[PDB]
Structures are given as C-alpha cells and as structure tokens.
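Trainee: Fold the following for me, if possible:
(4 chains)
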Amino acid sequence: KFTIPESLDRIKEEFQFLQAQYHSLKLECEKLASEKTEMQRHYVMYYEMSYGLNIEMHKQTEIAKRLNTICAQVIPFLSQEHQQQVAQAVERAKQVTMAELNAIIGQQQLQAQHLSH
Amino acid sequence: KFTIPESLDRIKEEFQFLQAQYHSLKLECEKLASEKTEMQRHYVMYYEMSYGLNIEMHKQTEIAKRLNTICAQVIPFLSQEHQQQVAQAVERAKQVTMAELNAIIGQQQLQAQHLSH
Amino acid sequence: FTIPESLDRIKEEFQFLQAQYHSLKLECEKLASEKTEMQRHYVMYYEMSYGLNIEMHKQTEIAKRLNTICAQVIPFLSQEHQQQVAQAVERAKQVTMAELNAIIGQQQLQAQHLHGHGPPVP
Amino acid sequence: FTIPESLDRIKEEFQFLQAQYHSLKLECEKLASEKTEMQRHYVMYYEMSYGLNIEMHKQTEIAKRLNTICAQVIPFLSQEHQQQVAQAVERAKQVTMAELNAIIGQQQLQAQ
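Mentor: Numbers count the residues shown, from 1 in each chain, chains lettered A, B, ... in the order given. The protein structure is shown below:
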C-alpha cells in the first residue's frame, strides 16, 4: 500500500534528468558565447579594414579625377595632332581589366613578400 | 526525532529553484543566439565590403598612376610658363587633405542617403 | 502524479505510517498490561484450586472413614437402635443443593477480609 | 545540489520506521496469543475453583454430621468398645501428607 521507495526513486530519476538538461543547455550557452565573441572580433577586424580601405579608395579616386580634369584643361592648349592621341590615351587609361588588376596586385604582394626581410 | 517533512519541503524548494534557473538561462540562451546570428551577418557584410573596396582601391590607384604618367609626358611638350603651371598643378592634384576627404565621403554617403528615398 | 504533489504524497504516506505506529504502540502497551493482569489472576486461581483440591480430598477421606466406623459400630446395637442410626447416617450423607448453597454462601460471607471463589463463573 | 542525499536519507528513515512497525506488530500478536491462552487457563481454574469449593463444603458438612452421630452412638457401648471407637474416630479425622498424596493420585493409580 505504501508507494514510497518507488516514488522517491522516481524523484531521484527526474531530478537527475532535469539537472542533466540544465548542464547541457549551459554547455550550449558557453559555446554560443565563445563563437559569438570570436565572430565579433572578426566583425571588428573587417570593419576597421573596410574603413581604411574606404578612405584610401576615395583618396585615389579623387586624385584620378583631378588628374583627368587637369588633362581636359591642357588639351585645349594642346595641338590637334597631340589632342587626339592623348585623348585616346586617357580613354584607355580609365580601363583596367581583371588581368591587369591581378597583375599589379600579384606583383606588389610579391614585393611585400620580398621586402618582408 | 525525525525531521522528514522539514527536509522534504526543502527539496521541493531546491527543485523549483532549479527549474527556474533552467527557464531564465534558456531565455538568455535564445537572446545570445539571436545576437550571434546578427554578429555573423555583419561579419560577412564587412568582409565582402573589405574585398570590394580592396579591388576598387587598386583599380583607382592604377588609374591615377596612368593619368599621372600621361601628364608627366604631355607637360614637357608644352610651354615654359604652362609647363611649370601644369607641373605644379599635377603635383598639387596628388595632394589630398583629410578635410577634403571628409567632405568627399560625406557628400557621397549623404547623396547616397538622399538618392535612395 | 506531479512533482511537488508527489512529495506531498510521500509526506502523507509517511505521516500515516507514523500515526499507525503510534496507535499500534499504545495498543501493544495496554495489551501487555492486560496480559500481566490475566497472568496474575491465572496463578491466583491455580493456587486456590490446589488448596481447594487438598481440602476437598481431605474431607472426602475423613467422611469415608467415619462412614466406615459407623458401618462397623452399628451391628452392636438394639434392632431398633440399628435401624434408627442406619437411617440417620444414610440421611447424613445427603446434602441438597439448597443447604449446600446455604453453607457455601455463608462461609463466603464469613471469609471477608478485604478474595475470589464466587458461585457464578464469569 | 544536495538532493539525492536527501532522498536516500528519506528512504532509509522510512524503511527503518516500517521495519520497526513490522517487528512491533509481530511481537504484539504473539503477546496477544499468549494473553488469550492465559485467559483460557484462568477461566479453567475459575470454574475448577468453583466446583472444588462446592464439593469441599459438601464433604465437610457430611463429615461433620457423621462425626456427630458417632458421638451419638458411642455412649451406648461397653467401656472398652467406647474407647476403641473413640480412638478410631479420633484417628479418622487425622489425615497425613502421605495419605492425602497417595489419595490425590487415586483415579490415576486406578486403571485396568
């Protein structure tokens, strides 16, 4: 008639179960925290990087314009035999293929490698 | 004497305490997951950004180079006063101050903000 | 079959068992007391029975002896005297239930000191 | 963080309590049987006491009467005869331990 030891052992079971589920969730949490933090460090890294890159990019863009404007302003004082040539020159100058890009990048990277001494 | 009930009720207390801890911790966990997800999003964003900005930076640098060479070649085939004029003009065109830059990036992001209504 | 109400159930059953043990305990004690009382009365009435046994067998023997003596002394008498005495003795060996109740009830009323041996049987 | 300990402790105390209840119950029941057996005996010796009392007083009375009529008959005898009968009656009312002992175990020593 006395359902005590079975009930108490049942309790031992489900307490231990709850405890286990807790600890599981806690480990999961700790992982989430770590991975989130590393993710954040990456985020900051490329944030700052994109920042500096942005600044230098705008810089070179403005320099490029200014040089072009200068060209557009020396052309009228230039002779019609020289005008056409330098016009075409500036035309193509504005065109940069992925091959050229890859070439100057690869070269200057190689330079950084060879200067890393 | 046997102090059962007194202890029995105690284990109930510790139990409800445990389940409470599980609940609150779970809420914290879900929040943390959302946060990490958002962090990852911005990581990949600033990454792709950094990439594009790198490529574009090298592009603009190359264009500026080419155009500067164009000027440095055209200028000696001009006038004496105009030769000096253009020389100084170019060597000043290379000069980009941080104030000017702040202005450029400003107007860029402001007009980006406005053109995208 | 919840978790908290489970613990409550545990308590309930335990308190129940505590109560049960208490009741059983006091019942066991009153029980033992009753036992010792019964034992006392037992020894008492056994011993009393031994006494009554001895006395009964004694008076029985004395009576038998005296009857024999009368039996032997009778044939010495006159014919009428013999009849009278024989009648007298065989009438003497007759006690009814009324007079037996009388002597018993009396000797009872005489044996008072403030014992037992009462005429009913409860 | 100290819950399984508690539970096993509860189990221990409960098992203790019920073991004690079992033992106390068994002892109680054996004691009950003993009490009842005794009661049987006390009843037995009660009714025995009753009967023994009745027969004791009956035989006592009979003895008294017979003695009285011996006393009645005696004075009508010759002197020597009177002395003999008086001595015999006198002796009769004297029962010794060996006599009554040998008498108590009569029914038993009277078989076949």
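
Trainee: With chain B in mind, check whether stretch A:57-65 reaches it.
Mentor: Yes. Judged by C-beta under 8 Å from any C-beta of the partner chain, stretch A:57-65 comes into contact with chain B at A:57, A:58, A:59, A:60, A:61, A:62, A:63, A:64. For every residue, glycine as well, the C-beta is placed using N, CA and C.

Trainee: What's the PyMOL line that selects buried ones from those?
Mentor: Restricted to buried positions by 16 or more other C-beta atoms under 10 Å in any protein chain shown, the PyMOL selection for those reads:
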select buried, chain A and resi 57+58+59+60+61+62+63+64
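
Trainee: List just the nearest of the residues of stretch A:57-65 next to chain B to residue B:20.
Mentor: Lowest distance from residue B:20 to those (C-beta to C-beta) belongs to residue A:57, with 53.6 Å.

Trainee: So for chain A, which residue is the most central one in space?
Mentor: Nearest residue to the geometric centre of chain A (C-alpha atoms, centre = their mean): residue A:46, 4.3 Å.

Trainee: Contacts only, for that residue.
Mentor: Taking C-beta atoms under 8 Å, 6 or more residues apart in numbering or on different chains as the contact definition, residue A:46 lies against B:43, B:46, B:47, B:49, B:50.

Trainee: Distance to residue B:25 and secondary structure for these - can I get that in JSON lines?
Mentor: Shown next, in JSON lines, are the contacts of residue A:46 (distance: C-beta to C-beta, whole Å; DSSP: H, G, I helix; E, B strand; the rest coil):
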{"residue": "B:43", "distance to residue B:25": "26", "secondary structure": "helix"}
{"residue": "B:46", "distance to residue B:25": "31", "secondary structure": "helix"}
{"residue": "B:47", "distance to residue B:25": "32", "secondary structure": "helix"}
{"residue": "B:49", "distance to residue B:25": "36", "secondary structure": "helix"}
{"residue": "B:50", "distance to residue B:25": "36", "secondary structure": "helix"}
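
Trainee: Could I get the CA-only coordinates of stretch A:44-56 as CSV?
Mentor: Output in CSV follows, covering the C-alpha atoms of stretch A:44-56 (Å, rounded to 0.1, in the frame of the first residue of the first chain):
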residue,chain,number,x,y,z
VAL,A,44,35.6,44.4,-35.9
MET,A,45,38.7,43.3,-37.9
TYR,A,46,36.9,43.6,-41.3
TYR,A,47,35.1,46.7,-40.1
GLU,A,48,38.3,48.6,-39.4
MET,A,49,39.8,47.1,-42.6
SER,A,50,36.9,48.2,-44.8
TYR,A,51,37.2,51.6,-43.1
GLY,A,52,40.9,52.2,-44.0
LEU,A,53,40.3,50.7,-47.5
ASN,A,54,37.4,53.1,-48.0
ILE,A,55,39.5,56.1,-47.1
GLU,A,56,42.4,55.2,-49.4
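
Trainee: Give the buried residues for it.
Mentor: Applying 16+ other C-beta under 10 Å to stretch A:44-56 flags A:46, A:47, A:49, A:50, A:53, A:54, A:55, A:56 as buried.

Trainee: And for stretch A:73-81?
Mentor: Buried residues in stretch A:73-81, defined by neighbour count with 16+ other C-beta under 10 Å: A:74, A:75, A:78.

Trainee: try stretch A:65-75
Mentor: Buried-residue list, stretch A:65-75, by 16+ other C-beta under 10 Å: A:65, A:66, A:67, A:68, A:70, A:71, A:74, A:75.

Trainee: could I get those residues as TSV with distance to residue B:23 and secondary structure?
Mentor: Listed next are the buried residues of stretch A:65-75 as TSV, based on distance: C-beta to C-beta, whole Å; three-state DSSP:
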residue	distance to residue B:23	secondary structure
A:65	61	helix
A:66	64	helix
A:67	66	helix
A:68	65	helix
A:70	70	helix
A:71	71	helix
A:74	76	helix
A:75	76	helix
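
Trainee: Go through the residues you listed and name the one nearest chain D.
Mentor: When the buried residues of stretch A:65-75 are compared for distance to chain D (C-beta to the nearest C-beta), residue A:65 wins out at 70.8 Å.

Trainee: any idea how far the closest one is from chain C?
Mentor: In this view, residue A:65 and chain C are 75 Å apart by C-beta to the nearest C-beta, to the nearest Å.

Trainee: Same question for residue A:76.
Mentor: Separation of residue A:76 from chain C (C-beta to the nearest C-beta) stands at 93 Å.

Trainee: residue contacts, that residue?
Mentor: Counted by C-beta under 8 Å, 6+ apart, residue A:76 has zero contacts.
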